[PDB]
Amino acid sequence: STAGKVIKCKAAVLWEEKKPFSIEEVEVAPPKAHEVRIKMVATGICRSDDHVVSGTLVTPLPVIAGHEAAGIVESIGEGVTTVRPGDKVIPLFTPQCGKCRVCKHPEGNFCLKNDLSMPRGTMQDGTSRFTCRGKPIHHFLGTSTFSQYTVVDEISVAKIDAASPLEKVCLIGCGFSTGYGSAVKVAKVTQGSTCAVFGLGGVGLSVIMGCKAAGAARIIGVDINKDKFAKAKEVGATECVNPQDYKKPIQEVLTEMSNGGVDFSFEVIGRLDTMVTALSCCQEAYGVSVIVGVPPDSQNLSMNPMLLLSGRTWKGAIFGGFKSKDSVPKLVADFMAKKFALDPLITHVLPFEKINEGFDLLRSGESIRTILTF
């Protein structure tokens, strides 16, 4: 019915930094070769989307943000072979072209066709499928899910299980996977280890889930907001500490608590200082610290290289290290199989039109993941 035609629908447009989203009428062009048009069913509000608003994450404006979602294919452009109209799909903010050096590398996942390193805010072809008030609107990480309908490159979409609950599996599009893979694939948390997770929002709780799934014996949650402690304990945290409660730097407290340094630390906040702190708190000779949090654009951190010379390992990753097209479908299967839970991350559910409200809940500290339904 709408196949091959321009669709007029509602989308949350971000016209300027530090402004509420503007729910308005947009024109979504029909999919070109190798492009898939998706009708959104659910989308979660991740801190990265708020980073676009606050200026922490730089991307061309105006833009239709949104990168954590699930929808149904409405139509496909010529040549698409991996999905079909009616399929349940999860847009992939980190593509998987499958032909570049990284996609071919056993451990790489940061596909070279990403729109993260030097954001263009367009489709793979350099153009936009969105128009608003007669003006072209930028895409965001090749996903733009804060719209009733979106247009993505074939390499930026994955077909998932037809019976998966879209209002829950959208978290596999970002939050959950990032968190879980960071612990289980990047850090490679080991059985009996001691972990330190800095930041207890949705990705941190998923980090905690991965550590617990890996057999960690101790999982110390760290947050300056004590209201996050309860849910952290529920998915696995054996202890939670609030840096504001101590008179000494949190890295000393954690070093003493772990009797010389943790085995694995994770920064899941987005601060230069906690990145350095999370590295210091890991054991000087064999500790491993993983940066997950996105810091303010263009800022450098300052650190003493002896932290690394003693033997520490410092690393980071996009989307928990997972090759997107291949793991998204498997993560959904595993979710379907009850291998991990998504419910503990979902604290509020709202209709898409209440997006600003959802951003207010995240900014106020009240929610973990608010899911927006269309």
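One-based numbering along the sequence shown. The term rigid core refers to the maximal set of C-alpha atoms that superpose within 1.5 Å between the two forms.
- Rigid core superposition in 4 other deposited structures of this protein puts the Cα atoms of one stretch, out of 118-126 and 250-258, farther from the shown form on average, and that stretch is 250-258.
- Greater C-alpha displacement in 4 other deposited structures of this protein (rigid core superposition, RMS over structures and residues), of 273-281 versus 180-188: 273-281.
- Between the stretches 63-71 and 337-345, it is 337-345 that shows the larger average CA temperature factor.
- Comparing the deposited coordinates for 139-147 and 126-134, the stretch with the larger average C-alpha B-factor is 126-134.
- Taking the deposited Cα B-factors for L279, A214, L272, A158, the highest one is held by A214.
- Which of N259, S289, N304, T178 has the largest Cα B-factor in the deposited entry comes down to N259.
- In the deposited entry, the Cα temperature factor of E284 sits in the bottom third of values across the chain's modelled residues.
- Per-chain ranking of the deposited C-alpha B factor places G121 in the middle third.
- Among all modelled residues in this chain, the alpha-carbon of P296 has a temperature factor (C-alpha) in the middle third.
- Ranked within its chain, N242 lands in the highest third, by CA B factor from the PDB record.
- Ranked within its chain, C97 lands in the middle third, by CA B factor from the PDB record.
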